[PDB]
Amino acid sequence: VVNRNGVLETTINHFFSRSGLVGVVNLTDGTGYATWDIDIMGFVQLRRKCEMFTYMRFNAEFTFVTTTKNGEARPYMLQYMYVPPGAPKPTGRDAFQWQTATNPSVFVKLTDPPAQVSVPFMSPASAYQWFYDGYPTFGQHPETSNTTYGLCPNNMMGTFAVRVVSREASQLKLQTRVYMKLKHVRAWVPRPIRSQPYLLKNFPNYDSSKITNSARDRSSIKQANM
Amino acid sequence: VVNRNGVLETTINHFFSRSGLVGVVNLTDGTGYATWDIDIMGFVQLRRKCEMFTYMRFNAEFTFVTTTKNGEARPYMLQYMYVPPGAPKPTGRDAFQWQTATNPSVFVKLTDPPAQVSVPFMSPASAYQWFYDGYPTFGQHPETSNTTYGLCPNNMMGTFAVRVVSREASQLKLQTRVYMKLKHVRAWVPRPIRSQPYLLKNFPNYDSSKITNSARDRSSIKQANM
Amino acid sequence: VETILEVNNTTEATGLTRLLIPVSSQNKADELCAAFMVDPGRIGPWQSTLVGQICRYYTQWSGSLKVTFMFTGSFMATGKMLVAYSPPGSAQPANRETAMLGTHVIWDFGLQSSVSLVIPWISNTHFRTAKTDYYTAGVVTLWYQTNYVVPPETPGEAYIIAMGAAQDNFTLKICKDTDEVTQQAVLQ
Amino acid sequence: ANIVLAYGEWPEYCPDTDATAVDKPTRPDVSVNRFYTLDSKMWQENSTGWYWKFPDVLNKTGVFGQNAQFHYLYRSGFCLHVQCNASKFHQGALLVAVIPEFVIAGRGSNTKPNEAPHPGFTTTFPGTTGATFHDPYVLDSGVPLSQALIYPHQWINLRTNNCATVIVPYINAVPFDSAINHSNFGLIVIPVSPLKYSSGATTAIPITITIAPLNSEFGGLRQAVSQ
Amino acid sequence: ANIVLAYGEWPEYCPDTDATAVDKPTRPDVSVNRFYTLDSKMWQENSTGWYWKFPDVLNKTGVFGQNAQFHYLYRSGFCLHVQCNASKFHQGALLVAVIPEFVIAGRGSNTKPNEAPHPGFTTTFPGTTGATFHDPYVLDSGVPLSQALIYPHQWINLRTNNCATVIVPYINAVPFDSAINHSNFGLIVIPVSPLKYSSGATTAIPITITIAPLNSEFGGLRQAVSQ
């Protein structure tokens, strides 16, 4: 029929290249610092999209949007530090970890536009995989309180610390939201898209006592209501 | 006479390429979010210009100008989300819709310049049409309370939601004005320009008990006053 | 990729039986077996398929569709069926005489177990919106063309599995957040 | 007089590169492409005008009607011929015009859309008999009559001619459409100059409409539905 | 099995040099050239057979029916498909045959034509439901069944096949004909070998007919008459 409709929107890169909420970090500055374990299966909207495939390799872009409880934007200085695995974790608002000499950091004001950085593919394996069928250790693997059955140690990427650069306590209750965008993406082994509600961040558990049907019920098979 | 006067100003693109008031959205943040159904026949100045033609195809540019009741510009963060048809509508200031992972969004401060984005031609038909003579359904079409006689389902383009990105209630009364500019325009089937006052946003109704004359009255046909 | 439809999406069926359409011997002739809507983003059987789930991520869709029917019974049972797609304009057809005026396939059982019905994309606009009246594409119905005939010492009931998919000319337009996830807190 | 070609374009079949639905359409082309005559209207001294919404006037007459209510998609152009004759001592003038997407407006002063008046179905889709104008001056839609010369149109001036013919192609935003749900255009006949004569002249002046649907295409065959 | 081409000839449009009426005929050709399914018949242990007179079975269904009762002259060929299936433990045989000019004979012993019995209209022109045979042995016409193999025919032997298909051209002494007044041929289905099975086997055996009118021509357009 000489069809000219357009199929470019259906590619993986255009499907995955849009920022989405990944993390929320709460700071009291009453401790003086907050930390967050980088793990992006905490929110369901990005999790459902990412778990349609078994293997995924991509670069990322992280944006940080920080506000207060009331929403004001008073001018303060904040330090964002990325602490890779192994490196010491900051212990106070003035500890020796905050003089970052090899670690990357971003100094940003609360009145500034949201901060934005680029991150490469950082896995010791060849791709990030969300499903790892096995244990990361030779052992006995007890049959009651199992855990460690879906660790995938190839996915552990360190922590994110945030502090208020100040002489003393600033008495500021802050909330920073971390938005991630996928760039230069490749994917392998598509899987069924989850139908059951999520329960845990790191496990695929579902409520067996309450299973939801994948299609809404209708009165009879001879109607066309549902 | 060798006339060199210039006619470029009279083209459709130069006639239609100027921002105009399209929408006004009021937020109380006392709910915590506001929504607006995208429909641009709510204000008469752009409506009269757009209804001089039957069919119109164009791209658009949307600008958002947000202020308070007194007019102050205190620094807060706002999220603008576009929710296409079918997608869930946000239910609270902290609901799961606001972690936009496939939907487009703009985070903007009240102290920032007005936000500005570009929008393509998004209709399932080949052009937007303001006059649709018929009903979008096979049925009985009752003769008393009719409605649905000018739906034009090819023109339904989703909603716009706005919220204050904050930990809790910010107690801010906001008003955001949406200005639209037409770009890369084409038009078909010119029509008479409306003479009667407008009454409804989606219907062409007019007051039959009070019809206004298209020309102002003068005393006699032999004078030249009016 | 072809994927099973939950056609038996009623209250009585739970578990795997929601994917099985029963077929037995009739004695009233020209009887109706099944019917369902052909909109992939609509609630109903298509909700259980992959193409439906992906179409729920977009605002507009276009192109033709395919439904394959696979008969499961003994080697000795046989029969014929009429599988009919009807474009919009009226309620679901009430008899096979009305249903056969649309697009249809007559399918007999044999060595080949499955048949294919192509829904051919008869629309007026280049795109359709997944419930965003002026859309919905018609209804698919499944009727007994002759009967279900079996010899003695053989079960009188069998099943049919339906499997839905897109086609070469299928395409989608305008990405959006789906409506099949729910958020209440932050751990899930 | 002459013949008006609306927008200077002849009707045609929907070509390649412009079609969306994929199936072979039907073209009867002799039993649908012919002239149909409606029952006439009595032009009187205070008649306001009449209109016909066109992909429903023929929706119940002949092989065209049977095809229209059997198929789900339709597309064609039209030829319109209005006739009215009087003696050489009669005087008057009629404007005959074709309005694409002629949406009829409700007549009332209610500003809340929930309880605002709306035309009934018959007033919107009159069928074969048409409807009469309530307010010809505002074209029953809130727009002036004087500018209806922007539409393709003709005049029947009783001292000049007695026929008006317009050839019109298919106007729509989609290549095919439903003929039961959408009326592509309306035809309006209005006496802007009243009819006058003297005693002894005939007082029964009729106005008749004859139409021909050129280049008819139908598709999406199913059962017959007409509502 | 195979497909029978009646007399080894495909259907076709009426050519030049063979036409008499001078006007352009209509050819819908997609909305009339399609498959129509009738309601089925219950084959029982003592069924005698059924028949359908063909340019009236489709005379009231669909766009074909509308064209037939709007136009005065008709001409087309047909494709006939009879379906009946049973298990591998059933046995029987059906003869399916096409009889051109199948004139039904009255059954009685009156030698004076004035008061001789005659079939009623429905028995001659059954419509969509058909009629059952009173005397299959004499073909309800005084001629033997055994020689009906001279006509184009097929067998449905339950141990061999379950379908019978005949492609038949237009047979007449005139190029065009009236479809309301003349039935060009009839289709007969008769169980010469009775249906047998054992306990536990299905007792409901249906027989279904599906037809396609290839190469349809109509002419002489006027109002719609069906009787």
# chains A, B, ... in the order shown; residues from 1 in each chain; ligands from 1

call {"tool": "residues_around", "arguments": {"residues": "residue 18 (chain E)", "least_positions_apart": "2", "cutoff": "12 Å", "atoms": "only C-alpha atoms", "output": "number ranges by chain"}}
result
E: 13-16, 20-22, 173-176

call {"tool": "closest_atom_pairs", "arguments": {"of": "chain C", "to": "chain D", "cutoff": "7 Å", "atoms": "only C-alpha atoms", "output": "tab-separated table"}}
result
residue	atom	partner	partner_atom	distance
C:86	CA	D:222	CA	6.2
C:87	CA	D:220	CA	6.6
C:89	CA	D:225	CA	6.5
C:90	CA	D:225	CA	6.5
C:98	CA	D:223	CA	6.2
C:101	CA	D:222	CA	5.1
C:102	CA	D:222	CA	4.3
C:120	CA	D:22	CA	6.4
C:121	CA	D:21	CA	5.7
C:122	CA	D:21	CA	4.6
C:123	CA	D:21	CA	5.4
C:124	CA	D:176	CA	5.1
C:125	CA	D:174	CA	5.7
C:126	CA	D:20	CA	5.6

call {"tool": "write_last_selection", "arguments": {"atoms": "C-alpha atoms", "output": "CSV table (one decimal), in the first residue's frame"}}
result
chain,number,residue,atom,x,y,z
C,86,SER,CA,-16.0,-8.3,11.9
C,87,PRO,CA,-15.1,-4.6,11.5
C,89,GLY,CA,-20.3,-0.8,13.2
C,90,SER,CA,-22.7,-2.9,15.4
C,98,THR,CA,-24.4,-12.7,10.2
C,101,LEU,CA,-20.5,-11.7,6.1
C,102,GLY,CA,-17.1,-10.4,7.5
C,120,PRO,CA,-6.2,-7.1,8.3
C,121,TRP,CA,-6.3,-3.5,9.7
C,122,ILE,CA,-9.4,-1.9,8.2
C,123,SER,CA,-9.3,1.7,9.6
C,124,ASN,CA,-9.9,5.2,8.5
C,125,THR,CA,-7.0,6.9,10.3
C,126,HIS,CA,-3.4,5.8,9.9

call {"tool": "residues_around", "arguments": {"residues": "region 100-112 of chain B", "least_positions_apart": "5", "cutoff": "10 Å", "atoms": "only C-alpha atoms", "output": "number ranges by chain"}}
result
A: 15-22, 43-47, 49, 65, 73, 111-114, 179-181; B: 64-68, 72-84, 87, 117, 160-165, 174; C: 57-58, 174-178

call {"tool": "closest_residue", "arguments": {"among": "C:181, C:21, C:140, C:65", "to": "chain B", "atoms": "only C-alpha atoms"}}
result
C:181

call {"tool": "closest_atom_pairs", "arguments": {"of": "chain B", "to": "chain C", "cutoff": "6 Å", "atoms": "only C-alpha atoms", "output": "tab-separated table"}}
result
residue	atom	partner	partner_atom	distance
B:85	CA	C:132	CA	3.9
B:86	CA	C:132	CA	4.5
B:87	CA	C:177	CA	5.7
B:88	CA	C:179	CA	5.8
B:96	CA	C:183	CA	4.8
B:102	CA	C:177	CA	4.9
B:103	CA	C:176	CA	5.1
B:124	CA	C:127	CA	4.8
B:125	CA	C:125	CA	5.2
B:136	CA	C:134	CA	4.9
B:137	CA	C:133	CA	5.0
B:138	CA	C:89	CA	5.9
B:153	CA	C:134	CA	6.0

call {"tool": "residues_around", "arguments": {"residues": "residue 1 (chain E)", "least_positions_apart": "3", "cutoff": "12 Å", "atoms": "only C-alpha atoms", "output": "PDB file with C-alpha atoms, in the first residue's frame"}}
result
ATOM      1  CA  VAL E   4     -14.460 -30.735 -10.355  1.00  0.00           C
ATOM      2  CA  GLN E 154     -18.645 -35.652  -6.308  1.00  0.00           C
ATOM      3  CA  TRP E 155     -18.880 -38.253  -3.554  1.00  0.00           C
ATOM      4  CA  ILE E 156     -18.338 -37.693   0.149  1.00  0.00           C
ATOM      5  CA  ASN E 157     -17.231 -41.123   1.337  1.00  0.00           C
ATOM      6  CA  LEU E 158     -16.705 -40.847   5.085  1.00  0.00           C
ATOM      7  CA  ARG E 159     -13.675 -43.170   4.936  1.00  0.00           C
ATOM      8  CA  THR E 160     -12.044 -41.154   2.124  1.00  0.00           C
ATOM      9  CA  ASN E 161     -12.781 -37.424   2.369  1.00  0.00           C
ATOM     10  CA  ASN E 162     -15.026 -34.856   4.028  1.00  0.00           C
ATOM     11  CA  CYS E 163     -15.405 -32.114   1.387  1.00  0.00           C
ATOM     12  CA  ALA E 164     -16.881 -31.811  -2.105  1.00  0.00           C
ATOM     13  CA  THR E 165     -16.088 -28.870  -4.403  1.00  0.00           C
ATOM     14  CA  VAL E 166     -17.558 -28.098  -7.839  1.00  0.00           C
TER      15      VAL E 166
END

call {"tool": "interface_residues", "arguments": {"of": "chain B", "to": "chain D", "cutoff": "8 Å", "atoms": "only C-alpha atoms", "output": "PyMOL selection string"}}
result
chain B and resi 54-55+125-129+131-147+150+189-197+199-200+203-209+214

call {"tool": "write_last_selection", "arguments": {"atoms": "N, CA and C atoms", "output": "compact mmCIF listing (two decimals), in the first residue's frame"}}
result
# COMPACT_ATOMS: atom_id res chain seq x y z
N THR B 54 -10.56 25.08 8.12
CA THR B 54 -11.14 23.80 8.52
C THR B 54 -10.06 22.83 8.98
N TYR B 55 -8.98 22.70 8.21
CA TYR B 55 -7.92 21.75 8.52
C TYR B 55 -6.62 22.50 8.75
N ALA B 125 -4.87 11.28 12.74
CA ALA B 125 -5.30 11.68 11.41
C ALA B 125 -4.16 12.42 10.72
N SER B 126 -4.43 12.99 9.55
CA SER B 126 -3.41 13.75 8.84
C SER B 126 -3.38 15.22 9.21
N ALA B 127 -4.42 15.73 9.86
CA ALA B 127 -4.45 17.13 10.25
C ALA B 127 -5.41 17.31 11.41
N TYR B 128 -5.16 18.35 12.20
CA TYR B 128 -6.12 18.78 13.20
C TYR B 128 -7.27 19.50 12.51
N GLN B 129 -8.50 19.13 12.85
CA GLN B 129 -9.68 19.81 12.33
C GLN B 129 -10.54 20.25 13.49
N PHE B 131 -13.68 21.47 13.09
CA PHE B 131 -15.08 21.21 12.77
C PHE B 131 -15.21 19.77 12.33
N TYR B 132 -15.95 18.98 13.10
CA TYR B 132 -16.19 17.57 12.80
C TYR B 132 -17.70 17.35 12.83
N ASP B 133 -18.29 17.22 11.65
CA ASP B 133 -19.74 17.08 11.52
C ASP B 133 -20.09 15.60 11.66
N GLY B 134 -20.36 15.17 12.88
CA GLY B 134 -20.76 13.80 13.11
C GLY B 134 -20.46 13.36 14.52
N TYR B 135 -20.75 12.08 14.78
CA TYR B 135 -20.62 11.41 16.06
C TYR B 135 -19.53 10.34 15.99
N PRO B 136 -18.79 10.12 17.07
CA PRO B 136 -17.75 9.08 17.10
C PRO B 136 -18.22 7.72 17.61
N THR B 137 -19.38 7.27 17.14
CA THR B 137 -19.93 6.01 17.65
C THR B 137 -21.18 5.65 16.86
N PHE B 138 -21.36 4.35 16.59
CA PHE B 138 -22.62 3.83 16.08
C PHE B 138 -23.59 3.68 17.24
N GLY B 139 -24.77 4.29 17.13
CA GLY B 139 -25.71 4.22 18.23
C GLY B 139 -27.08 4.79 17.93
N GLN B 140 -27.71 5.39 18.95
CA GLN B 140 -29.05 5.93 18.80
C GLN B 140 -29.09 7.45 18.79
N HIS B 141 -28.09 8.12 19.37
CA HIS B 141 -27.93 9.57 19.29
C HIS B 141 -29.20 10.30 19.68
N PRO B 142 -29.53 10.35 20.97
CA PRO B 142 -30.85 10.84 21.39
C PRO B 142 -31.06 12.30 21.02
N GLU B 143 -32.33 12.67 20.89
CA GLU B 143 -32.75 13.96 20.35
C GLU B 143 -32.96 15.04 21.40
N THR B 144 -32.65 14.78 22.67
CA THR B 144 -32.87 15.77 23.72
C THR B 144 -31.57 16.30 24.31
N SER B 145 -30.73 15.42 24.85
CA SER B 145 -29.46 15.83 25.46
C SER B 145 -28.36 15.20 24.61
N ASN B 146 -27.98 15.88 23.54
CA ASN B 146 -27.24 15.20 22.49
C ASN B 146 -25.78 14.99 22.87
N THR B 147 -25.01 16.08 22.94
CA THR B 147 -23.56 15.99 23.14
C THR B 147 -22.91 15.05 22.13
N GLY B 150 -19.72 16.85 18.34
CA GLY B 150 -18.54 17.49 17.82
C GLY B 150 -17.27 17.03 18.50
N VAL B 189 -9.17 24.84 3.52
CA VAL B 189 -10.60 25.18 3.51
C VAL B 189 -10.91 26.38 4.41
N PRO B 190 -10.60 27.60 3.97
CA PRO B 190 -10.98 28.79 4.75
C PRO B 190 -12.48 28.91 4.93
N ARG B 191 -12.88 29.49 6.06
CA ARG B 191 -14.27 29.64 6.45
C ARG B 191 -14.54 31.07 6.89
N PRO B 192 -15.81 31.46 6.99
CA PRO B 192 -16.13 32.78 7.55
C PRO B 192 -15.61 32.94 8.97
N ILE B 193 -15.17 34.15 9.29
CA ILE B 193 -14.65 34.47 10.61
C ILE B 193 -15.81 34.82 11.53
N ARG B 194 -15.81 34.24 12.73
CA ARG B 194 -16.99 34.29 13.59
C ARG B 194 -17.37 35.72 13.94
N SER B 195 -18.67 35.99 13.88
CA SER B 195 -19.23 37.29 14.25
C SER B 195 -19.95 37.28 15.58
N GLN B 196 -20.46 36.13 16.01
CA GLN B 196 -21.21 36.01 17.25
C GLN B 196 -20.28 35.76 18.43
N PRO B 197 -20.67 36.22 19.62
CA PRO B 197 -19.86 35.94 20.81
C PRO B 197 -19.81 34.45 21.14
N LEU B 199 -19.66 31.14 23.54
CA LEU B 199 -20.34 30.73 24.76
C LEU B 199 -19.74 29.49 25.40
N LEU B 200 -19.32 28.51 24.60
CA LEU B 200 -18.77 27.27 25.12
C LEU B 200 -17.41 27.01 24.49
N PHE B 203 -18.21 23.81 21.84
CA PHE B 203 -19.38 23.85 20.99
C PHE B 203 -19.51 25.22 20.34
N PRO B 204 -20.13 25.30 19.16
CA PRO B 204 -20.23 26.58 18.46
C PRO B 204 -21.48 27.38 18.81
N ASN B 205 -22.11 27.07 19.94
CA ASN B 205 -23.38 27.68 20.31
C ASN B 205 -23.30 29.21 20.36
N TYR B 206 -24.43 29.85 20.09
CA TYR B 206 -24.55 31.30 20.14
C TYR B 206 -25.92 31.65 20.69
N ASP B 207 -26.03 32.85 21.25
CA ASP B 207 -27.29 33.33 21.81
C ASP B 207 -28.20 33.76 20.67
N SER B 208 -29.25 32.98 20.41
CA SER B 208 -30.20 33.32 19.37
C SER B 208 -31.14 34.44 19.80
N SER B 209 -31.43 34.54 21.10
CA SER B 209 -32.26 35.63 21.61
C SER B 209 -31.55 36.98 21.52
N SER B 214 -23.53 42.30 12.15
CA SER B 214 -22.15 42.29 11.70
C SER B 214 -21.64 43.68 11.33

call {"tool": "residues_around", "arguments": {"residues": "residue 32 (chain B)", "least_positions_apart": "6", "cutoff": "10 Å", "atoms": "only C-alpha atoms", "output": "MDAnalysis selection string"}}
result
chainID B and resid 91:94 162:166 168:172

call {"tool": "interface_residues", "arguments": {"of": "chain E", "to": "chain D", "cutoff": "6 Å", "atoms": "only C-alpha atoms", "output": "list in words"}}
result
residues 26, 27, 28 and 30 of chain E

call {"tool": "residues_around", "arguments": {"residues": "residue 78 (chain E)", "least_positions_apart": "2", "cutoff": "8 Å", "atoms": "only C-alpha atoms", "output": "ChimeraX atom specification"}}
result
/E:11,76,80,167-170,211-214

call {"tool": "select_by_dssp", "arguments": {"residues": "region 5-184 of chain C", "states": "strand (DSSP E or B)", "output": "count of residues only"}}
result
72

call {"tool": "atom_distance", "arguments": {"atom1": "CA of residue 1 (chain A)", "atom2": "CA of residue 171 (chain C)"}}
result
14.9 Å

call {"tool": "select_by_dssp", "arguments": {"residues": "region 72-169 of chain C", "states": "helix (DSSP H, G or I)", "output": "PyMOL selection string"}}
result
chain C and resi 96-99

call {"tool": "residues_around", "arguments": {"residues": "region 128-130 of chain E", "least_positions_apart": "6", "cutoff": "10 Å", "atoms": "only C-alpha atoms", "output": "ChimeraX atom specification"}}
result
/E:37-41,50-54,56-61,122,187-188

call {"tool": "atom_distance", "arguments": {"atom1": "CA of residue 31 (chain C)", "atom2": "CA of residue 153 (chain E)"}}
result
29.7 Å

call {"tool": "closest_residue", "arguments": {"among": "A:210, A:98, A:71, A:121", "to": "chain B", "atoms": "only C-alpha atoms"}}
result
A:71

call {"tool": "decode", "arguments": {"residues": "region 35-64 of chain A", "atoms": "C-alpha atoms", "output": "tab-separated table (two decimals), in the first residue's frame"}}
result
chain	number	residue	atom	x	y	z
A	35	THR	CA	24.76	7.77	52.33
A	36	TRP	CA	22.98	5.69	49.69
A	37	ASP	CA	23.84	2.26	48.34
A	38	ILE	CA	23.73	2.52	44.55
A	39	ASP	CA	21.03	0.04	43.49
A	40	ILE	CA	18.37	0.99	40.97
A	41	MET	CA	15.70	-1.69	41.53
A	42	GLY	CA	14.02	0.31	44.28
A	43	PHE	CA	11.34	1.89	42.12
A	44	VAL	CA	9.01	-0.16	39.99
A	45	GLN	CA	8.64	1.95	36.84
A	46	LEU	CA	12.28	1.61	35.77
A	47	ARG	CA	12.55	-1.90	37.22
A	48	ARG	CA	9.77	-3.31	35.03
A	49	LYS	CA	11.37	-1.79	31.92
A	50	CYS	CA	14.88	-3.02	32.78
A	51	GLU	CA	13.79	-6.56	33.68
A	52	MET	CA	12.37	-7.25	30.22
A	53	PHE	CA	15.88	-8.46	29.32
A	54	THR	CA	18.43	-10.76	30.89
A	55	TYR	CA	21.65	-8.96	29.92
A	56	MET	CA	22.08	-5.21	29.50
A	57	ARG	CA	25.16	-3.09	28.78
A	58	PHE	CA	25.00	0.70	28.78
A	59	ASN	CA	26.47	4.01	29.89
A	60	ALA	CA	24.49	6.24	32.22
A	61	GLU	CA	23.82	9.85	33.12
A	62	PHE	CA	22.99	10.76	36.72
A	63	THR	CA	21.10	13.92	37.70
A	64	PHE	CA	20.70	15.10	41.29
